[PDB]
């Protein structure tokens, strides 16, 4: 159906499932926006409820661990329900908890984590159609 990219207002890169790993527990980083078929690990859709899912495996965004990663959607796990609200990717059950990009300290790709809204561009995103 309808897919889209999630672009960071911090580095202009997009949410990307690292190494195109289809396995659950895979970390989500920001990476240069890719075009064509290969962009599958950078494409997402929203289910009926508006909850974000990956086009690669229909997995949801999960913030149970230190950095966000993919996990099969579970309606009973509050940390796996993320929606689009303006320029923020917010937790469905706690709109005060939103995603943010955190650049690497070792020269690697930036990762993502969830914490209190602080108004910086690191917690702002732009939805871009496929």
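Numbering follows the first chain given and starts at 1.
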- Query: Do the C-alpha atoms of 34-42 or of 69-77 have the higher average B factor in the entry?
  - Reply: 34-42
- With respect to the recorded C-alpha B factors, which stretch has the higher mean value, 110-118 or 10-18? 10-18
- Note on the structure: Sorting the chain's modelled residues by C-alpha B-factor and splitting them into thirds places residue 64 in the middle
- Where does residue 97 sit by CA temperature factor within its chain: lowest, middle or highest third? lowest
- Compare the C-alpha B factor of residue 54 with those of the other modelled residues in its chain, then answer lowest, middle or highest third. middle
- Place residue 3 in the lowest, middle or highest third of its chain's C-alpha B-factors, as listed in the PDB entry. highest
- What third of its chain, lowest, middle or highest, does the C-alpha temperature factor of residue 88 fall into? middle
